[PDB]
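Pasting target_26.cif here (mmCIF, C-alpha atoms and all ligand atoms):
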```cif
data_protein
loop_
_atom_site.label_atom_id
_atom_site.label_comp_id
_atom_site.auth_asym_id
_atom_site.auth_seq_id
_atom_site.Cartn_x
_atom_site.Cartn_y
_atom_site.Cartn_z
CA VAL A 1 134.59 107.35 279.24
CA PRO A 2 133.44 110.75 280.73
CA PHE A 3 133.30 111.25 284.57
CA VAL A 4 131.93 113.70 287.23
CA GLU A 5 133.93 114.01 290.51
CA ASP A 6 133.81 110.35 291.80
CA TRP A 7 131.34 108.96 289.15
CA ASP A 8 131.81 107.36 285.68
CA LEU A 9 129.16 108.10 282.95
CA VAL A 10 128.92 104.63 281.28
CA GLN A 11 125.77 104.65 279.06
CA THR A 12 122.71 106.65 277.93
CA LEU A 13 119.42 105.58 279.59
CA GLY A 14 117.36 108.39 277.94
CA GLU A 15 117.71 111.12 275.26
CA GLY A 16 114.96 113.78 275.82
CA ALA A 17 114.55 117.51 274.91
CA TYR A 18 115.83 118.31 278.50
CA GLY A 19 119.43 116.94 278.10
CA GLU A 20 120.60 113.27 278.45
CA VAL A 21 120.26 110.84 281.41
CA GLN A 22 123.35 108.64 282.03
CA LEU A 23 124.07 105.58 284.19
CA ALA A 24 126.72 106.84 286.73
CA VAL A 25 128.85 104.23 288.64
CA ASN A 26 131.06 105.32 291.60
CA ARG A 27 134.43 103.63 290.47
CA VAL A 28 135.35 103.10 294.22
CA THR A 29 132.08 101.85 295.83
CA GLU A 30 130.24 100.56 292.66
CA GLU A 31 126.91 102.42 293.51
CA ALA A 32 124.93 102.94 290.25
CA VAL A 33 122.72 106.08 289.95
CA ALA A 34 121.19 108.08 287.06
CA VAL A 35 122.49 111.55 286.15
CA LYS A 36 120.50 114.14 284.13
CA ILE A 37 122.95 116.35 282.10
CA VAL A 38 121.52 119.87 281.33
CA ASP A 39 123.56 122.27 279.07
CA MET A 40 122.51 125.48 280.97
CA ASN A 41 113.21 126.85 285.09
CA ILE A 42 116.02 124.52 286.46
CA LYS A 43 116.18 126.50 289.78
CA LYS A 44 112.48 125.38 290.20
CA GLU A 45 112.91 121.73 289.04
CA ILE A 46 115.78 121.14 291.57
CA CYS A 47 113.66 122.76 294.36
CA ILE A 48 110.75 120.34 293.58
CA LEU A 49 113.20 117.38 293.26
CA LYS A 50 114.62 118.10 296.75
CA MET A 51 111.03 117.85 298.20
CA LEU A 52 110.54 114.25 296.90
CA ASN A 53 110.62 111.40 299.37
CA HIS A 54 108.35 108.37 298.53
CA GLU A 55 108.90 104.74 297.34
CA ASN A 56 106.89 105.44 294.07
CA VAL A 57 108.68 108.75 293.17
CA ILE A 58 112.29 109.02 291.79
CA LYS A 59 114.60 110.19 294.69
CA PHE A 60 116.93 113.21 294.19
CA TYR A 61 120.53 112.67 295.48
CA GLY A 62 121.88 116.20 294.69
CA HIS A 63 123.41 118.24 291.83
CA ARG A 64 126.79 119.67 290.66
CA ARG A 65 127.39 122.73 288.37
CA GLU A 66 130.56 122.34 286.16
CA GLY A 67 130.70 125.40 283.86
CA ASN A 68 127.44 125.46 281.79
CA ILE A 69 126.57 121.78 282.61
CA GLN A 70 124.23 121.04 285.59
CA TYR A 71 124.37 117.35 286.72
CA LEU A 72 121.20 116.09 288.60
CA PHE A 73 121.89 112.84 290.52
CA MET A 74 118.72 110.72 290.95
CA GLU A 75 117.61 107.22 291.94
CA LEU A 76 118.31 104.66 289.15
CA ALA A 77 115.36 102.54 287.89
CA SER A 78 117.11 99.54 286.22
CA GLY A 79 113.85 97.90 285.04
CA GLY A 80 113.22 100.45 282.23
CA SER A 81 109.76 102.07 281.76
CA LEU A 82 106.10 100.98 281.85
CA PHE A 83 106.08 101.81 278.09
CA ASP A 84 108.25 98.65 277.48
CA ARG A 85 105.78 96.42 279.47
CA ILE A 86 102.84 97.42 277.24
CA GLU A 87 102.32 95.08 274.24
CA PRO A 88 100.88 97.03 271.27
CA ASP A 89 97.21 96.18 270.72
CA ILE A 90 97.25 93.79 273.77
CA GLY A 91 98.36 95.71 276.87
CA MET A 92 99.37 93.41 279.77
CA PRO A 93 97.80 90.93 282.22
CA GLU A 94 95.07 92.71 284.27
CA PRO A 95 96.74 91.75 287.64
CA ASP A 96 100.01 93.49 286.53
CA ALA A 97 98.04 96.54 285.30
CA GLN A 98 96.23 96.63 288.68
CA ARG A 99 99.51 96.50 290.67
CA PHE A 100 101.10 99.26 288.53
CA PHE A 101 97.89 101.35 288.90
CA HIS A 102 98.01 100.91 292.76
CA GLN A 103 101.67 102.14 292.74
CA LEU A 104 100.85 105.05 290.36
CA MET A 105 98.01 106.17 292.67
CA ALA A 106 100.33 105.93 295.78
CA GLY A 107 102.87 108.15 293.91
CA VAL A 108 100.28 110.70 292.72
CA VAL A 109 98.56 110.90 296.22
CA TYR A 110 102.07 111.59 297.58
CA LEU A 111 102.80 114.40 295.07
CA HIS A 112 99.31 115.95 295.50
CA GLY A 113 99.82 115.79 299.31
CA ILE A 114 103.03 117.96 299.12
CA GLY A 115 101.12 120.27 296.67
CA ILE A 116 103.09 119.15 293.53
CA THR A 117 101.43 118.37 290.13
CA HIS A 118 103.53 116.25 287.68
CA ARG A 119 101.58 117.47 284.53
CA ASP A 120 103.01 114.77 282.17
CA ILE A 121 102.01 111.34 283.49
CA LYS A 122 102.48 108.79 280.71
CA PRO A 123 104.18 105.39 280.43
CA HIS A 124 107.59 106.81 279.31
CA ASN A 125 107.63 108.81 282.66
CA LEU A 126 106.75 105.73 284.80
CA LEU A 127 110.02 103.83 285.46
CA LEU A 128 110.47 100.38 287.06
CA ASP A 129 113.11 99.39 289.69
CA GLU A 130 114.74 95.86 289.76
CA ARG A 131 111.60 94.54 291.60
CA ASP A 132 109.16 96.13 289.03
CA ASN A 133 108.19 98.87 291.50
CA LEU A 134 106.83 101.93 289.68
CA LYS A 135 108.61 105.30 290.10
CA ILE A 136 107.09 108.55 288.75
CA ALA A 137 110.02 110.30 286.92
CA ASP A 138 110.77 113.59 285.10
CA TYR A 139 109.89 116.75 287.14
CA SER A 140 110.79 119.10 284.27
CA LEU A 141 107.06 120.13 283.85
CA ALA A 142 106.12 119.70 287.57
CA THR A 143 104.76 122.77 289.45
CA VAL A 144 103.35 123.84 292.83
CA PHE A 145 99.53 124.00 292.89
CA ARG A 146 99.16 124.26 296.75
CA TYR A 147 101.29 126.41 299.10
CA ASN A 148 100.53 127.50 302.69
CA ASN A 149 97.39 125.35 302.26
CA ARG A 150 96.02 127.62 299.40
CA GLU A 151 95.33 126.13 295.96
CA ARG A 152 96.38 128.02 292.82
CA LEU A 153 94.68 127.22 289.49
CA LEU A 154 96.98 126.42 286.55
CA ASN A 155 96.77 128.24 283.17
CA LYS A 156 99.91 126.92 281.34
CA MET A 157 98.93 124.27 278.73
CA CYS A 158 101.53 121.45 278.85
CA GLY A 159 101.78 117.66 278.78
CA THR A 160 101.27 115.18 275.92
CA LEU A 161 98.06 115.59 273.83
CA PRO A 162 96.77 111.96 274.05
CA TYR A 163 97.18 112.08 277.87
CA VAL A 164 95.84 115.64 278.52
CA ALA A 165 92.46 116.32 280.11
CA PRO A 166 89.90 118.18 277.97
CA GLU A 167 89.66 121.19 280.40
CA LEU A 168 93.33 121.95 279.58
CA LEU A 169 92.34 122.56 275.90
CA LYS A 170 89.09 124.45 276.76
CA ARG A 171 89.52 126.49 280.01
CA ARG A 172 91.62 129.60 280.71
CA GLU A 173 92.29 128.20 284.24
CA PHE A 174 91.81 124.73 285.77
CA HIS A 175 92.50 122.58 288.87
CA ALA A 176 95.80 120.59 288.85
CA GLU A 177 94.62 117.34 290.54
CA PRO A 178 91.85 116.29 288.07
CA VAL A 179 94.33 116.73 285.12
CA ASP A 180 96.79 114.24 286.74
CA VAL A 181 93.81 111.86 287.52
CA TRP A 182 92.73 111.97 283.80
CA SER A 183 96.28 111.11 282.56
CA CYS A 184 96.32 108.11 285.01
CA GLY A 185 93.03 106.95 283.31
CA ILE A 186 94.71 107.14 279.86
CA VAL A 187 97.70 105.19 281.35
CA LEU A 188 95.25 102.54 282.67
CA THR A 189 93.59 102.31 279.19
CA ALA A 190 97.08 101.84 277.54
CA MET A 191 98.00 99.07 280.09
CA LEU A 192 94.71 97.13 279.49
CA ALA A 193 94.36 97.67 275.67
CA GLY A 194 97.90 98.44 274.36
CA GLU A 195 96.41 101.43 272.48
CA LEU A 196 95.53 105.07 273.21
CA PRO A 197 91.84 105.93 272.83
CA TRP A 198 92.23 109.31 270.96
CA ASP A 199 94.75 111.84 269.57
CA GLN A 200 93.27 114.41 271.99
CA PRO A 201 90.04 114.88 273.99
CA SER A 202 88.61 117.60 271.68
CA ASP A 203 85.04 117.81 270.17
CA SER A 204 86.73 117.60 266.67
CA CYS A 205 88.15 114.12 267.62
CA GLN A 206 85.73 111.36 266.47
CA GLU A 207 87.19 108.76 268.94
CA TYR A 208 86.59 111.16 271.86
CA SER A 209 82.97 111.87 270.60
CA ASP A 210 82.45 108.08 270.40
CA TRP A 211 83.48 107.69 274.08
CA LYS A 212 81.23 110.57 275.15
CA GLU A 213 78.38 108.76 273.24
CA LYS A 214 79.32 105.56 275.19
CA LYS A 215 80.20 103.45 272.11
CA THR A 216 82.25 100.99 274.24
CA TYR A 217 81.68 98.24 271.60
CA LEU A 218 84.55 100.05 269.78
CA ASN A 219 88.31 99.71 270.50
CA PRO A 220 90.05 100.16 272.80
CA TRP A 221 87.10 99.74 275.23
CA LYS A 222 85.83 96.35 273.88
CA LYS A 223 89.24 94.81 274.95
CA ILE A 224 88.68 95.93 278.59
CA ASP A 225 86.78 93.86 281.17
CA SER A 226 83.56 95.46 282.61
CA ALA A 227 85.16 96.09 286.07
CA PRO A 228 88.22 98.23 285.02
CA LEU A 229 85.98 99.74 282.28
CA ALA A 230 83.48 100.99 284.92
CA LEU A 231 86.45 102.75 286.68
CA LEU A 232 87.52 104.26 283.31
CA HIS A 233 83.89 105.58 283.01
CA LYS A 234 84.43 107.51 286.32
CA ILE A 235 87.99 108.77 285.49
CA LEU A 236 87.50 109.88 281.87
CA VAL A 237 84.61 112.32 282.67
CA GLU A 238 84.77 115.56 280.65
CA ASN A 239 83.67 117.88 283.52
CA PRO A 240 86.66 117.97 285.98
CA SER A 241 84.32 118.79 288.98
CA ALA A 242 82.25 115.59 288.26
CA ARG A 243 85.45 113.49 287.64
CA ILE A 244 86.28 110.88 290.32
CA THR A 245 88.85 111.91 292.97
CA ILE A 246 91.64 109.64 294.14
CA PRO A 247 89.88 108.98 297.54
CA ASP A 248 86.88 107.59 295.51
CA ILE A 249 89.19 105.67 293.07
CA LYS A 250 90.46 103.90 296.22
CA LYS A 251 86.81 102.71 296.90
CA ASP A 252 86.24 101.46 293.30
CA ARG A 253 85.26 97.78 292.90
CA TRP A 254 88.04 96.94 290.37
CA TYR A 255 90.64 98.87 292.43
CA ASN A 256 89.86 96.57 295.39
CA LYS A 257 89.42 93.31 293.36
CA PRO A 258 91.87 90.52 294.34
CA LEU A 259 93.70 89.46 291.11
CA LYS A 260 96.25 86.67 290.07
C1 LIG B 301 115.32 106.74 281.24
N1 LIG B 301 115.51 107.52 282.45
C2 LIG B 301 115.10 108.91 282.43
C3 LIG B 301 115.94 106.94 283.59
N2 LIG B 301 116.32 105.65 283.53
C4 LIG B 301 116.69 105.00 284.66
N3 LIG B 301 116.66 105.60 285.86
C5 LIG B 301 116.29 106.90 285.94
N4 LIG B 301 116.17 107.73 287.02
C6 LIG B 301 115.78 108.94 286.58
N5 LIG B 301 115.61 108.86 285.27
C7 LIG B 301 115.94 107.59 284.85
CL CL B 302 100.11 102.48 274.13
#
```

Rendering of file as structure tokens:
Amino acid sequence: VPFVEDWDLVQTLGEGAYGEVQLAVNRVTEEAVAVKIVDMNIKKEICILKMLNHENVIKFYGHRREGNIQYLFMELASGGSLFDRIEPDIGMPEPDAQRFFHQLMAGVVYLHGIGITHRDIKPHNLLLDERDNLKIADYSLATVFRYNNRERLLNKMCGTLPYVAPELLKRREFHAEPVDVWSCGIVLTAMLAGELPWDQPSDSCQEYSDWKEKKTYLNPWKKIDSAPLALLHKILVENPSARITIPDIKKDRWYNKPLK
């Protein structure tokens, strides 16, 4: 079994483009963490990771260079991902979706508050701890959109097409926060319907045209109760300046509904 200083690398949790993530167990003390292995953009990632301190964001423990391998030591989420809690074509019980959505908003308010955009919110990047607490993971696409209290517009296109906001396909430059809000709306759809609404929010996508024409008698919308669906009407708004902000999501009727 491979090892790093005091830790044993004992199994693969994830295989992504950006290296492997391993379960690491201190042989002495028995503490289990996760270790991202990069065979060396990473200067920046580690800088953002060291900023992160919130119960709904993956904590960064530190890194070691060992030749051309960088090791990034991070909080372990032993509950797997939100992706594995979503039943295809069904989703999950509304009260569980609501709790995960509450946690996802707490995490995203946190990141936006330290001027960080995640840029790839999707169920594979939302991990669960042993108590099913949600942790926003993977800061490999994350970037600074606010510094010294001044906003910078983004112009890099990145993310995952079914989760990306339409302005990202159409505008030369756009605001960071409404793109992350949109991807949370697609995550909420996936949790309540167990299906993604469209391949991408482009005019050439029939499913996206159908939503803009308010055909909510179609899937996935017909599986979603009127209350969460009215919130999805405010989140999945094509014009990012008309799109609901997180302060106004927090005042939404479904957001505040007591559930099982
Ligand atoms: C799958 N994967 C990337 C991970 N699994 C468990 N805990 C983690 N902490 C950071 N990434 C983790
Ligand atoms: Cl899905």

Would you list the contacts of region 158-168 of chain A as a ChimeraX atom specification, taking every protein, DNA or RNA residue within 7 Å and counting all atoms listed in the file, but skipping same-chain residues closer than 2 positions in sequence?
/A:119-120,122,156,170-171,174,179,182-183,186,198-202,238

Kindly export the residues of the current selection with C-alpha atoms, as an mmCIF file, in the coordinates of the input.
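Ended up saving to out27.cif:
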```
data_model
loop_
_atom_site.group_PDB
_atom_site.id
_atom_site.type_symbol
_atom_site.label_atom_id
_atom_site.label_comp_id
_atom_site.auth_asym_id
_atom_site.auth_seq_id
_atom_site.Cartn_x
_atom_site.Cartn_y
_atom_site.Cartn_z
ATOM 1 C CA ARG A 119 101.580 117.470 284.530
ATOM 2 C CA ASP A 120 103.010 114.770 282.170
ATOM 3 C CA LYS A 122 102.480 108.790 280.710
ATOM 4 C CA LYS A 156 99.910 126.920 281.340
ATOM 5 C CA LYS A 170 89.090 124.450 276.760
ATOM 6 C CA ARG A 171 89.520 126.490 280.010
ATOM 7 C CA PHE A 174 91.810 124.730 285.770
ATOM 8 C CA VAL A 179 94.330 116.730 285.120
ATOM 9 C CA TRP A 182 92.730 111.970 283.800
ATOM 10 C CA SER A 183 96.280 111.110 282.560
ATOM 11 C CA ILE A 186 94.710 107.140 279.860
ATOM 12 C CA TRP A 198 92.230 109.310 270.960
ATOM 13 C CA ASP A 199 94.750 111.840 269.570
ATOM 14 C CA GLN A 200 93.270 114.410 271.990
ATOM 15 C CA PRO A 201 90.040 114.880 273.990
ATOM 16 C CA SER A 202 88.610 117.600 271.680
ATOM 17 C CA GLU A 238 84.770 115.560 280.650
#
```

My list of candidates is A:86, A:153, A:52, A:23. Which is closest to residue 36 (chain A) when distances are computed with only C-alpha atoms?
A:23

Which residues are near ligand LIG 301 (chain B) in this structure, taking near to mean any atom at most 8 Å from a ligand atom and counting only C-alpha atoms and all ligand atoms? Format them as a PyMOL selection string.
chain A and resi 13-15+21-23+33-36+58+74-81+124-125+127+137-138

Dump the neighbourhood of ligand CL 302 (chain B) as an MDAnalysis selection string: all residues within 7 Å, distances computed on only C-alpha atoms and all ligand atoms.
chainID A and resid 86 88 190 194:196

Would you list the contacts of residue 48 (chain A) as a list in words, taking every protein, DNA or RNA residue within 9 Å and counting all atoms listed in the file, but skipping same-chain residues closer than 5 positions in sequence?
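In the requested format, the answer is residues 116, 139, 142, 143 and 144 of chain A.
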
For each of A:135, A:233, A:118, A:175, take the minimum atom-to-atom distance to residue 101 (chain A), counting all atoms listed in the file, then give the residue where this is smallest.
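Among the listed residues, A:135 lies closest to residue 101 (chain A).
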
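Counting all atoms listed in the file and comparing A:44, A:150, A:134, A:5, the residue that lies closest to residue 102 (chain A) is A:134.
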
So what do you get for CA of residue 234 (chain A) versus CA of residue 185 (chain A), distance-wise?
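Calculated distance between CA of residue 234 (chain A) and CA of residue 185 (chain A) is 9.1 Å.
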
List the residues sitting within 12 Å of (86.3, 108.0, 293.9) in the file's frame, using all atoms listed in the file, as a PDB file with C-alpha atoms, in the coordinates of the input.
```
ATOM      1  CA  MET A 105      98.010 106.170 292.670  1.00  0.00           C
ATOM      2  CA  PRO A 178      91.850 116.290 288.070  1.00  0.00           C
ATOM      3  CA  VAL A 181      93.810 111.860 287.520  1.00  0.00           C
ATOM      4  CA  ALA A 230      83.480 100.990 284.920  1.00  0.00           C
ATOM      5  CA  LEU A 231      86.450 102.750 286.680  1.00  0.00           C
ATOM      6  CA  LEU A 232      87.520 104.260 283.310  1.00  0.00           C
ATOM      7  CA  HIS A 233      83.890 105.580 283.010  1.00  0.00           C
ATOM      8  CA  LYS A 234      84.430 107.510 286.320  1.00  0.00           C
ATOM      9  CA  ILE A 235      87.990 108.770 285.490  1.00  0.00           C
ATOM     10  CA  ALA A 242      82.250 115.590 288.260  1.00  0.00           C
ATOM     11  CA  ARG A 243      85.450 113.490 287.640  1.00  0.00           C
ATOM     12  CA  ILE A 244      86.280 110.880 290.320  1.00  0.00           C
ATOM     13  CA  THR A 245      88.850 111.910 292.970  1.00  0.00           C
ATOM     14  CA  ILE A 246      91.640 109.640 294.140  1.00  0.00           C
ATOM     15  CA  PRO A 247      89.880 108.980 297.540  1.00  0.00           C
ATOM     16  CA  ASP A 248      86.880 107.590 295.510  1.00  0.00           C
ATOM     17  CA  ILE A 249      89.190 105.670 293.070  1.00  0.00           C
ATOM     18  CA  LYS A 250      90.460 103.900 296.220  1.00  0.00           C
ATOM     19  CA  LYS A 251      86.810 102.710 296.900  1.00  0.00           C
ATOM     20  CA  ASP A 252      86.240 101.460 293.300  1.00  0.00           C
ATOM     21  CA  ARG A 253      85.260  97.780 292.900  1.00  0.00           C
ATOM     22  CA  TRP A 254      88.040  96.940 290.370  1.00  0.00           C
ATOM     23  CA  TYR A 255      90.640  98.870 292.430  1.00  0.00           C
TER      24      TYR A 255
END
```

Which neighbours of residue 110 (chain A) fall inside 9 Å, counting all atoms listed in the file, when residues of the same chain fewer than 3 positions from it are skipped, and could you give them as a ChimeraX atom specification?
/A:52-54,56-57,105-107,113-116
